[PDB]
There are 4 protein chains.
Amino acid sequence: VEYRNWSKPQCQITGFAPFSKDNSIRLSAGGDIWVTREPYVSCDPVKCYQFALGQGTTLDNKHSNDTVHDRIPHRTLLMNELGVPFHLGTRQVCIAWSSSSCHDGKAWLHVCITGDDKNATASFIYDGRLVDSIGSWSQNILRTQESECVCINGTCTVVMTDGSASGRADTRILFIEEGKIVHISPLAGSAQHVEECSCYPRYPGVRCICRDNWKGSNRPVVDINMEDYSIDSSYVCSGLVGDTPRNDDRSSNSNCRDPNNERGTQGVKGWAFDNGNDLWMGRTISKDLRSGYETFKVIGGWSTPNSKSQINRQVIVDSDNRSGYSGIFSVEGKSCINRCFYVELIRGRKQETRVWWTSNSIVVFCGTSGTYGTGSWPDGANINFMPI
Amino acid sequence: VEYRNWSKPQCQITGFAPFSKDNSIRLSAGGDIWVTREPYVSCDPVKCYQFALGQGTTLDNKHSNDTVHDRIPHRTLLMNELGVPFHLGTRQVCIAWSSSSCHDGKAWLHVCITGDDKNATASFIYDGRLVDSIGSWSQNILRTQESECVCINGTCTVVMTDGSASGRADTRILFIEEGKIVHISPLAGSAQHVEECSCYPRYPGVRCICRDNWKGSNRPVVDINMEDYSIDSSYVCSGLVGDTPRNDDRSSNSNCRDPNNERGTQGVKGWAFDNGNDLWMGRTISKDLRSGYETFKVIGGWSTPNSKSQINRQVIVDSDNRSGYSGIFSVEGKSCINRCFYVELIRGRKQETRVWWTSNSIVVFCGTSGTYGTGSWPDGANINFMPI
Amino acid sequence: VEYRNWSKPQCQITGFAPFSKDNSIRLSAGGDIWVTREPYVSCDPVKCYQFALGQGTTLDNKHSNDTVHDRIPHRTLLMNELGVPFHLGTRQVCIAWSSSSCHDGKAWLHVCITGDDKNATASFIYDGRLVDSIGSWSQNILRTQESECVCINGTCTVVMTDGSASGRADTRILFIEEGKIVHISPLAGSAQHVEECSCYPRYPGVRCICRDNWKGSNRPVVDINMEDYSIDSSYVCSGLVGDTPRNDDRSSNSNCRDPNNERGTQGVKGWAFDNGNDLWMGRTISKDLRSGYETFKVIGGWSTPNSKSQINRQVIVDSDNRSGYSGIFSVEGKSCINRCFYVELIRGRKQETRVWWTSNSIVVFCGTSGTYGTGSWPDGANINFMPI
Amino acid sequence: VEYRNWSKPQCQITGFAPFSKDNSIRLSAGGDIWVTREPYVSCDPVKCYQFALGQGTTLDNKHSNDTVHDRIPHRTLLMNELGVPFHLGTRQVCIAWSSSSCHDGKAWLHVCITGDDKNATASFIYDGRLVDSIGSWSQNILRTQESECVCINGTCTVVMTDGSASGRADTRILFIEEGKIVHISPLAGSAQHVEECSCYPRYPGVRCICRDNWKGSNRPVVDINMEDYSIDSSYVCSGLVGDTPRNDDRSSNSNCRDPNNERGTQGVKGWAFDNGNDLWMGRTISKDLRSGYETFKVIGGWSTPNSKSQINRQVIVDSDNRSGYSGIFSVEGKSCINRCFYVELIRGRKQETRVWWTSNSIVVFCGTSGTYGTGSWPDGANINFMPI
Ligand SMILES: *[C@@H]1O[C@H](CO[C@H]2O[C@@H](C)[C@@H](O)[C@@H](O)[C@@H]2O)[C@@H](O[C@@H]2O[C@H](CO)[C@@H](O[C@@H]3O[C@H](CO)[C@@H](O)[C@H](O)[C@@H]3O)[C@H](O)[C@H]2NC(C)=O)[C@H](O)[C@H]1NC(C)=O
Ligand SMILES: *[C@@H]1O[C@H](CO[C@H]2O[C@@H](C)[C@@H](O)[C@@H](O)[C@@H]2O)[C@@H](O[C@@H]2O[C@H](CO)[C@@H](O[C@@H]3O[C@H](CO)[C@@H](O)[C@H](O)[C@@H]3O)[C@H](O)[C@H]2NC(C)=O)[C@H](O)[C@H]1NC(C)=O
Ligand SMILES: *[C@@H]1O[C@H](CO[C@H]2O[C@@H](C)[C@@H](O)[C@@H](O)[C@@H]2O)[C@@H](O[C@@H]2O[C@H](CO)[C@@H](O[C@@H]3O[C@H](CO)[C@@H](O)[C@H](O)[C@@H]3O)[C@H](O)[C@H]2NC(C)=O)[C@H](O)[C@H]1NC(C)=O
Ligand SMILES: *[C@@H]1O[C@H](CO[C@H]2O[C@@H](C)[C@@H](O)[C@@H](O)[C@@H]2O)[C@@H](O[C@@H]2O[C@H](CO)[C@@H](O[C@@H]3O[C@H](CO)[C@@H](O)[C@H](O)[C@@H]3O)[C@H](O)[C@H]2NC(C)=O)[C@H](O)[C@H]1NC(C)=O
Ligand SMILES: *[C@@H]1O[C@H](CO)[C@@H](O[C@@H]2O[C@H](CO)[C@@H](O)[C@H](O)[C@H]2NC(C)=O)[C@H](O)[C@H]1NC(C)=O
Ligand SMILES: *[C@@H]1O[C@H](CO)[C@@H](O[C@@H]2O[C@H](CO)[C@@H](O)[C@H](O)[C@H]2NC(C)=O)[C@H](O)[C@H]1NC(C)=O
Ligand SMILES: *[C@@H]1O[C@H](CO)[C@@H](O[C@@H]2O[C@H](CO)[C@@H](O)[C@H](O)[C@H]2NC(C)=O)[C@H](O)[C@H]1NC(C)=O
Ligand SMILES: *[C@@H]1O[C@H](CO)[C@@H](O[C@@H]2O[C@H](CO)[C@@H](O)[C@H](O)[C@H]2NC(C)=O)[C@H](O)[C@H]1NC(C)=O
Ligand SMILES: *[C@@H]1O[C@H](CO)[C@@H](O[C@@H]2O[C@H](CO)[C@@H](O)[C@H](O)[C@H]2NC(C)=O)[C@H](O)[C@H]1NC(C)=O
Ligand SMILES: *[C@@H]1O[C@H](CO)[C@@H](O[C@@H]2O[C@H](CO)[C@@H](O)[C@H](O)[C@H]2NC(C)=O)[C@H](O)[C@H]1NC(C)=O
Ligand SMILES: *[C@@H]1O[C@H](CO)[C@@H](O[C@@H]2O[C@H](CO)[C@@H](O)[C@H](O)[C@H]2NC(C)=O)[C@H](O)[C@H]1NC(C)=O
Ligand SMILES: *[C@@H]1O[C@H](CO)[C@@H](O[C@@H]2O[C@H](CO)[C@@H](O)[C@H](O)[C@H]2NC(C)=O)[C@H](O)[C@H]1NC(C)=O
Ligand SMILES: [Ca+2]
Ligand SMILES: [Ca+2]
Ligand SMILES: [Ca+2]
Ligand SMILES: [Ca+2]
C-alpha cells in the first residue's frame, strides 16, 4: 500500500444513517465487560475499529467503585473491530489516560499520555513499536484529542494542550512521520482556548473544531497547513452554537472571531464540518447537562456570522437520555470521502447514584445521500438491573 | 476474485444430510450467550457464517425479560463462523430489527432496517462502509427477507415490503451494485401478499418462495429477471401446502394462481425449490402451531396444480418439539450448485411460561445425492434447568 | 500447495518427549468449558489442532448430568489449535457422535456420523461443504476411528464398522477423493473383529492397529493398499499384548494370526507402530481398568510371534491415575515423518461418583531421537473441588 | 523472510517510556484469568507477544490454593499478543515449569523443561513441531532463562543450568539450528554461579547479565561468541550493584572479576546493558525484599570497577509496592536496535496472607531518545477485594 492522501471531494449529504451500536452496558449486567470512557473510532483502508480508555477492571468488579476519576496509572487504550464489545479478549495497545490514533496508510500511530499530572509523558508507538516520546511542557496536565488524528502523505497531525483547564494554556500541533516527531507548531490566531480537538481531512489541509473551556460557548476552529506547518484559528460563525453549557437559541451568538463570552467555562468534546457556506453539526439537546443528541445543517452557518437558520434535523438520542463526548471520523469511498460520527453514552456515578461506577456505551452514524427516517438509540440499560 | 454468476446446474438430490447445530440454549444455562431470533446463514466463496438479530443482552441477564417483542432500538445483526455460538466476542455488524445479507463475490452486502415503525430507515453497508440508505414508503413497518439476498454479475437482489401485515401492502424488489441502489421494481403478477422472501439463484434469474400473511395458506412465488428487472409472481402448485396455519392434507389445495383462501391470515417464514416438474419443500409437522419439521419431494408439485403425491420424507424435528422460521442457502460445488436449509428452534416466552425470555437455536441440513437415515435434532434444552 | 504423499522414511526414535497438555478439567472448576470424550489430534502442513466430540453443554451446567451416554443428537465435533482449551468460542464443525478427520494437503476432510442407532447417516464434509453421505449398512451402530484418517496423493482412507459390538460385524474401508466416496473395500484377512482403528501412513500404504472387542486381547492389524484398494489383516505378534482387559504378562500370548481368546470381549482404543522387526506401543498399566499409561519397545515384537522382551519404558500417567482412549498422529519433518500420540484422561461418573458428569482431559507426546527423563502427567483435578 | 542477524548499532537512549500493562490481577477479581509467574516478552519481526508459565487453573478457582510452588506437572507456557490478558482462549504452547523462547526470523523456537527434579526433560519445539530433546545432566533441577533466547543467522542461543541452587553447578550454552541442537559449550571464565540469564544481541555476539545465587550480590556476565562457540564470563564493574539481597550503596562494591561475597546467597532475575563505558540497569528499590523498581545509568559502570556515580533515574514501581522478576527484550527499528524491559509484579501468598494463591501482573517500558516524566505503575489490585 502507499500513503493515504485524502484527495477526493467531500460527499454531498442529506443527513445521517444508523451504522453501529455496541450495547456495552446492557451486556455488563450479565457478562465480563470493561469499564470505559472517552471512546472513538477510526478505520484503516479496509475496516473500522472502536477504541476507548479502559479503567483497569470489569464493571461487575469491586475495583469499578469510584471510576468517575479521569486519571489513574491503570487506564490503557483498548482496540476492537467496530461492533464487537470490550470483552476480556480485548487488546490493551498501550498505557494511557488520554490518547489519539490514526492510520497513515501503511500502519497505525498511537499517541498515549500518562504519569503524574505535573510531569506527564506521551508515547508515540508506530507499527507496533515505541519510536519517540515527549514530556510535559507546562507541568499542568498534558492532554490531546481523545479521537483520531489524521495523516496526509505519511505525515500525521495531533494537537496537544498543557496548562490551565480554565485559563491561558499552551496548545501545540505536532507533526510526526513514521512515529517520529518531525516538527512542532505553537498555536496562533484568534482562538482563546483550545481543547479535545475534532479533526478531519480537507485536503491539502486538516481542520479541527475543538472545545473552548474558558471563555467560550461557541467552538474554536484550528486550520493546519500541511505544507509550511502554518496554523490559523477562529470560532464557528453559526448563531446557533454547539457547546454545553450554553445560552438558549434566542440568547445565543458568535461573530466567527472571538469567544461569545456566554457560559464559556466548562464544555464537552464536540464536532462540526463545512459544507460550502453551510455547516453540519451535532450538540446535546439540553443546554445545561449532557442529555440527548440531535444533528442539523445551518444554512449559511460557516460563512455568515450569527447564522441561526437551521434545517434537516434528526434526534439521535432523545431529550430524556444521557449522552457524553462526541467525535467525527472520515471514511474513503469510491468517489468522495464521507463524514461519520459517534456518540458516547455515559451511565452511572455522579449523576445516577444507585451504582458506584462509571462506564459508557456508543452509537455511530454515517452520512448519506439517500433517504432516512426518525427514531432514538440510547444506551438502553435499566439502572435498576444488576451490577452495584 | 471476480463476481459470482451462479452458472452451473442445480445438483440432483435424494434428500438431505446433517450439517451443523449450534446448541445455543443448552449452553446459555452455563455461559454468557446472546438472546436471538430470526437466524439465517450465508457462505462466501470459502466458508459459511451464521447470522441472527440479537436482543442487546445475554440470556442470563435481567435485561432478557420480555424479549417476545420483535422491534426495539437495541437489536443489531450478529455474524459468526457457522458452528461457533453467539458468545460475547461475537460481532454486531449493524443496527437492525430486520435484515438480509449476501456476498457478491467481492465482499458482503448487509441490509439492516431500524427506527420508528411508521418511519423506518434501511441501511446498505457494502465492503464495511455505509454506501446508501432508504426511508419507509408506506409508513407501516418497512421489512425484508430475514435471510440471504443473492447477487449475479455483481448485482444483488432484495425484496422489501411496507404496509399492512394483513392487507394490501407495497412490495418492491431492489437492485444494488457495490452497495448502491441502481433500480427499484414494484411487485406484479397474481401474488396477493408477499412477506419474508425465500430467494435462491436459478441463473439467469432469482426465485423466491415467500410467505402470504393475508389470504393464503399456499406460498407465493416471485420471479426476478436479472436482465430487464422484470417481475412475475404466483402461488406454488402443490396440493399439499407448506404454510402454518393450514388445512389438513385432505382439505388442502392450490391452483398455482390465487391464494387458496384457507386459513390464510398469519404464517411463518418458509421455503421450497423446483426440481423439474417436482418440488422439494419443508414445513412444520403440525398444521396449527410451529412444532416439528419434516421435508419431502412432491411428484409433479411444481408443474401440476393441486399435486398431493409425495415421497422421500424425513423428519428433522419430531412432532413433540418446537421449531420456528426457516430459510434456504445455496452453495457452489465443483459441478453443480447445492441447496441447503436451516431451522430456527425457538424456546421460551409466550409458549413456555416458566421463563420470561425468548431466544432460539438452529440446525442446518444440506442436500445430498448419496444415502442417509433417520433421527430428530431439536434444541435439546431442559426448560426446567436454570435461567429465569 | 499440492497433495500430501508422505514419502519420507520413518524417523528412528529413542522414546518420546512431552508436547502438550490442555488441563481442561482443572479449568472447568472456574470457567465455562465444554464436556468432552473421545478426543484426538491432527496437523495440517503448518500446525496441529485438537478435536473431541462435545456433549452440547458446559461442565458447570445442569445439562451435564448423565453424560456417560455415548450417543445423543447434541454431540458435535469441536476443533481448536492444539493447546487452547475448549471454551465457548470453540467451533462446532459438524453434528457427530463418532468421527475421523484428516487433511489431504489441500484442505480438511471431516467424517461425522449421527442419527438413530439402527439407521445412522455419516456425512463427508470437504473444504467446508457437504459433498457426499452414506447410510447404515447393518442397522446396528455405524461407527469409525475417533482419530485422524490419512490421505496419500489426494485419496483419504477411513475404516467404518456396522453391526455386533461383540459378534461378527461388517467392517469396510472407504476411499474418498475431494470429499467424494470413490470406492468401498470389505474387510479380508484373519482379523476377527475390528474397531476404533489406529491408522498411520507407511507409504505407499496405510496401516491401522485396531481394537478387537469380541474374542481378542491382542490387537488386529489392517493393511490397506492404496494402489488396488487391497486389504490384509492379522493380529500383532508381541507376546506382551496391548489391550484392556488382558492377561498378565506371564499368562499372555499371540501368534500374529488369530485372537488369543483371553479376556477378549471389551477393549479400549489403542495403538502401536512398526520399527523394523521391533514394535513401539503403549497400554494402560492396569490389566483390568483404564488406569495409568506406559510406553515401550518390544525387541522383535513385530516379526517374531509371542515376543515378550521389552525395553525403553516410560510411564506417562502413573499407576494411581485414570486414563482412557489413545491414538497416534504423524507429523512431517525435514527428513523423516515422526510418530506422536495423545492420551484421553477421563474423569467423573460411573467410576468417580461425587459428580454426575463425565468429561476428559488430554496429554500428548511426540517421538524423539535425543535424550529425556521420567515423570507423570495426569489430569490433575481435585474431584472434591467444585462442579456437581 | 530471511534469518535475523541483528546488524545495526544500539540506539542511544536518554531513559525509558511506558509501553504496556496487562492489569491481570484487577481483572481476576471479576473474570476468568489464569494464575501465572515468571513472565516475559519477545517480538517477531512484526509484533510482540507476552508469555508466562501458567499454573493449570484460573485464579478464582479452588485449584489456585498453594500456588507458591514453582514446579508441578501442570505448568505450561502461554502466549498472547502483548496487551491482551491471559483469558481462557489463551494458548498453551507446551508443558513447561521453566522456559525460554525466540524467533530466528523464520519462526519460533520454544524450549520447555519438565518432569521429575532429579531427571527432567527439556523439549525443543521449532515451527510448531518437536525436533529434539535433552535429559538432565546433574540430576538436580535442569533450568534455563525464563525470558527470550536470541538467534543470529539462524542459530539461537540458550543457557541452562543443572545442579546446586547454592553451590557449584553445571552451566552450559546450547546452540540450536532449526530446532536441532548443533553444539554444546560448557561455562568458562571467572563467573562463580550463573542463573536465569538475561541475554541480548550485541552483534556479532550475544551477552547475558545473569543471577548469582551462591556467593554474589554483583551480577555475572556471560559473553557468547557466535563464531567459534567460545565463552567468557565475569561480574559487572558498577560499584552500585543490582541484585537483591544486597548491601546498601555505601557498603557495596565489585571489582568486575569475582563475586563480591556480600549477601551473595539467593537473588532475583535481573538485567543490565552496556552503553560504551556506561551501564543501564534496573533493580528493586529495597535491598532486602522484592519491592519497588527503579532504573538508572551509572557513569563508567561498565569499564571502571566499583563505579557508583549514577544519573538519569526513574522509579517504575514506587517504594511501597511489590515487584518480582525482570528481563530485557530487543526490538529492531529503522536504524538501530532498541532495548526494552518488563517487570513482573507478584501478589499473594507467602507475603500477603489474606489469599491462598500466587499470581502476577506485568508492566513494560522501552528505551527512548526523546523526553519523558515521572510516575509509578504497580499492579493496582486491592488485596481486600474478592478472590480467596
Ligand atoms: C464504594 O465506595 C465507598 C467507599 O469504599 C471504599 O472503602 C475503602 C476503605 C476502600 O476499601 C476502597 O476500595 C473503597 O472503594 C463505599 O461507601 C461506604 O458506605 C457505607 C454505608 O454503611 C459507609 O458506612 C460506614 O463505614 C465505616 C467503615 O468505612 C463503618 O465502620 C461505619 O460504621 C459506617 O457504617 C462507609 O463509610 C461508606 N464510605 C463512604 C465514603 O461513603 C461503598 O460502599 C463502596 N462499596 C460499594 C459496594 O459501592
Ligand atoms: C419480568 O417481567 C414482569 C414485569 O417486570 C418489569 O417490572 C418493571 C417495573 C420494570 O422493572 C421492567 O424491567 C420489568 O421487566 C415481572 O412480573 C411481576 O411478578 C410479580 C409476582 O409477585 C408481580 O407482583 C406485584 O408486583 C408489584 C410491583 O410491580 C408489587 O408491589 C405487588 O405487591 C405485586 O406483588 C409483578 O407486578 C409482576 N408484573 C407483571 C406485569 O406480571 C417479572 O417478575 C419480571 N422478572 C422476572 C424475574 O421474570
Ligand atoms: C442428576 O441425575 C439424577 C436424576 O436427575 C434427573 O431428574 C429428572 C426428573 C430430569 O430432571 C433430568 O434432567 C435429571 O437429570 C438426580 O438424582 C436424584 O437424587 C435425589 C436425592 O434425594 C432423589 O430423590 C428422590 O427424588 C424424587 C423426585 O425425583 C423426590 O420426590 C423423592 O422424594 C426423592 O427424594 C432422586 O429421585 C434421584 N434420582 C435418581 C434416579 O437417582 C441428580 O440429583 C441429578 N442432579 C444432580 C445435581 O446431580
Ligand atoms: C487452602 O489450603 C489449606 C489446606 O487446604 C487443603 O486441604 C486438603 C485436605 C486438600 O483438599 C487440598 O486441596 C487443600 O488445598 C486450607 O487451610 C485450612 O484451614 C482450616 C481453618 O479452620 C483448618 O482447620 C482444620 O481443618 C481440619 C481438616 O483439615 C478440620 O477437621 C479441623 O477441625 C480444623 O478446623 C485446616 O486444617 C487448614 N489446614 C492448613 C494446613 O492450614 C485452606 O482453607 C485452603 N482453602 C482455602 C479457601 O484457602
Ligand atoms: C492521491 O492518491 C491517488 C491514489 O494513489 C493518486 O492517483 C495517481 O495519480 C495520478 C492520477 O491518475 C496518476 O499519476 C496515477 O495513475 C494515479 N494512480 C493511482 C493508483 O493512484 C492521486 O494523484 C493522489 N492525489 C494527489 C493530489 O497526490
Ligand atoms: C501530497 O502528495 C502529492 C503526491 O505527489 C503532492 O502532489 C504533487 O506535488 C509535487 C510537489 O509537491 C509535484 O511535483 C507533483 O506534480 C504533484 N502531484 C503528484 C500526483 O505528484 C501534494 O503536493 C502533497 N500534498 C500534501 C498536502 O502534502
Ligand atoms: C460464470 O463464471 C465462470 C467462472 O468465472 C465463467 O467461465 C469462464 O468463461 C468461459 C468458459 O470456459 C471462458 O471464456 C473462460 O475460460 C472461463 N474461465 C473461468 C476462470 O471462469 C463462466 O463463463 C461464467 N458463466 C457465464 C454465463 O458468464
Ligand atoms: C452474467 O455475465 C455473463 C458474463 O459476461 C453474461 O454472458 C455474456 O453476455 C454478454 C452480453 O450480456 C455476451 O457478450 C457474452 O458473449 C456472454 N458470455 C460471456 C461468458 O461473456 C450474462 O449475460 C450475464 N448474466 C446475467 C444474468 O446477468
Ligand atoms: C512426494 O512429494 C515430493 C514433495 O512434493 C516429491 O518431490 C518432487 O519429486 C522429484 C524429487 O526431486 C522431482 O521430480 C521434484 O523436483 C520434487 N520437488 C518437490 C517440490 O517436491 C516426491 O517425489 C513425492 N514422492 C513420490 C513418491 O511421489
Ligand atoms: C503417489 O504419487 C506419486 C507422484 O506421481 C506416484 O509416483 C509416480 O508413479 C507414476 C505412476 O503411478 C509414475 O509415472 C511416476 O514415474 C512416479 N513418481 C513420480 C514422482 O511421478 C506414486 O505411484 C503414488 N503413490 C501412491 C501410494 O498413490
Ligand atoms: C544483515 O541483514 C541485512 C538485512 O537483510 C543485510 O543487508 C544486505 O547486505 C548488503 C548491504 O547492502 C547487500 O549485499 C544487500 O543489498 C542488503 N540487502 C538487504 C535486503 O538486506 C546485512 O548485510 C546483514 N548484515 C550482515 C553483517 O550480514
Ligand atoms: C552472519 O551472516 C553474515 C551474512 O553473510 C556474515 O557476514 C559475511 O561473512 C561471510 C563469511 O562468514 C563473508 O563471506 C561475507 O563477505 C560477509 N558479509 C555478508 C553480508 O555476506 C557474518 O559473518 C555472520 N555473522 C555471525 C555472527 O554469524
Ligand atoms: Ca466552554
Ligand atoms: Ca398465511
Ligand atoms: Ca477385546
Ligand atoms: Ca545472589
Side-chain angles (χ1 to χ4, degrees), chain A residues 23 25-30 347 352 354-355 378-387, chain B residues 1-10 28-29 35 44-46 55-69 72-74 103-106 150-155 201-206 225-227 330-337 347-359 383-384 386-388, chain C residues 1-10 44-46 103-106 150-155 201-206 225-227 330-337:
Chain A
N23 298 132
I25 307 302
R26 288 169 69 96
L27 286 162
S28 283
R347 301 286 305 257
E352 296 174 270
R354 177 177 188 265
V355 304
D379 172 77
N382 193 338
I383 235 300
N384 293 157
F385 294 171
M386 258 353 267
Chain B
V1 186
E2 219 301 277
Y3 286 139
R4 271 167 155 169
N5 70 25
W6 306 99
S7 293
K8 280 172 167 150
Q10 198 188 248
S28 283
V35 165
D44 62 4
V46 43
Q55 283 287 17
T57 170
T58 271
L59 185 144
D60 192 355
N61 209 120
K62 305 291 255 290
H63 295 97
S64 51
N65 185 2
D66 213 27
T67 278
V68 195
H69 297 278
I72 65 177
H74 309 308
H103 196 100
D104 67 17
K106 224 200 63 56
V150 327
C151 325
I152 285 190
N153 289 325
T155 302
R202 187 181 179 286
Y203 195 79
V206 178
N225 181 282
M226 296 316 290
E227 356 140 337
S330 303
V331 185
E332 200 175 329
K334 183 64 241 299
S335 66
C336 61
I337 90 93
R347 301 286 305 257
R349 214 62 153 169
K350 233 63 161 294
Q351 209 262 206
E352 296 174 270
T353 64
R354 177 177 188 265
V355 304
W356 292 74
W357 54 255
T358 304
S359 189
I383 235 300
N384 293 157
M386 258 353 267
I388 262 181
Chain C
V1 186
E2 219 301 277
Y3 286 139
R4 271 167 155 169
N5 70 25
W6 306 99
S7 293
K8 280 172 167 150
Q10 198 188 248
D44 62 4
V46 43
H103 196 100
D104 67 17
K106 224 200 63 56
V150 327
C151 325
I152 285 190
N153 289 325
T155 302
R202 187 181 179 286
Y203 195 79
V206 178
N225 181 282
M226 296 316 290
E227 356 140 337
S330 303
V331 185
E332 200 175 329
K334 183 64 241 299
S335 66
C336 61
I337 90 93

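When a ligand or atom number is given, it counts from 1 through the structure's own listing order. Here is how names work: the chains are called A, B, and so on, in the same order as the sequence lines, proteins then strands, and each is numbered from 1. Only this structure's heavy atoms are used, side chains among them; waters, hydrogens and symmetry mates stay out.
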Given the options B/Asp60, B/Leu59, B/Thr358, B/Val35 meets side-chain contact (heavy atoms from CB on, under 4.5 Å) only with B/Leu59
So the atoms of ligand 9 within less than 4.0 Å of a heavy atom of C/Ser7 turn out to be 1 (C), 25 (N), 26 (C), 27 (C)
(message) Determine whether a donor-acceptor pair (N or O, by modelled atom type, separation under 3.5 Å) exists between the side chain of B/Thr58 and the backbone of A/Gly30.
(response) yes
Can you find a protein heavy atom under 4.0 Å from atom 1 (C) of ligand 7?
yes
If you compare B/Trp356, A/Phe385, B/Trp357 by their heavy atoms, the one closest to atom 44 (O) of ligand 2 turns out to be B/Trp356
Evaluate the 4.0 Å heavy atom contact test for atom 46 (N) of ligand 2: does a protein atom fall under the cut-off? yes
Heavy-atom proximity to atom 14 (C) of ligand 2 ranks first, among A/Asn384, B/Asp66, A/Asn382, B/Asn65, for B/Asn65
**Prompt:** Any protein heavy atom lying closer than 4.0 Å to atom 33 (O) of ligand 2?
**Reply:** no
**Asked** Does atom 2 (O) of ligand 2 have a protein non-hydrogen atom under 4.0 Å from it?
**Response** yes
* Asked: Heavy-atom distance from atom 22 (O) of ligand 2 to the protein below 4.0 Å?
  -> no
Would a distance-only check, ignoring hydrogens and angles, find a side-chain to backbone donor-acceptor pair under 3.5 Å from B/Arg349 to B/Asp66?
no
Just by distance, do the side chain of B/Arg4 and the backbone of B/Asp44 share a donor-acceptor pair under 3.5 Å? yes
field: Contact bool for atom 4 (C) of ligand 7 (protein heavy atom, d < 4.0 Å)
entry: no
Here the gap from B/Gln55 atom CD to B/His63 atom NE2, rounded to the nearest 0.5 Å, amounts to 12.5 Å
Here the gap from A/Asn23 atom CG to A/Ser28 atom OG, rounded to the nearest 0.5 Å, amounts to 11.0 Å
Would you say that B/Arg347 contacts B/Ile383 through its side chain, given a criterion of any heavy-atom pair below 4.5 Å between the two side chains? yes
| Any protein heavy atom nearer than 4.0 Å to atom 5 (O) of ligand 2 | yes
Notebook entry, point to check: Looking at atom 20 (C) of ligand 9, is any protein heavy atom nearer than 4.0 Å to it?
Noted result: no
NZ (C/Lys8) with more than 12 external heavy atoms under 6.0 Å = yes
- Donor-acceptor pair, A/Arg26 side chain versus A/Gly380 backbone, under 3.5 Å? yes
- Message: Protein non-hydrogen atoms only, distance under 4.0 Å: does atom 17 (C) of ligand 7 have such a neighbour?
- Response: no
I'd like to check atom 24 (C) of ligand 7 in this structure: does the protein have a heavy atom lying under 4.0 Å from it?
yes
- Query: How about C/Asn153 and C/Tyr203: do any of their side-chain heavy atoms sit closer than 4.5 Å?
  - Reply: yes
Sub-4.0 Å protein heavy atom next to atom 40 (C) of ligand 2: no
- prompt: Is there side-chain contact between C/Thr155 and C/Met226, with heavy atoms separated by less than 4.5 Å?
  reply: yes
I'd like to know if B/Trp6 contacts ligand 7, where contact means a heavy-atom distance under 4.0 Å to any ligand atom. no
The protein heavy atom nearest to atom 28 (O) of ligand 9 is C/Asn5 ND2, 3.6 Å
Looking at atom 49 (O) of ligand 2, is any protein heavy atom nearer than 4.0 Å to it? yes
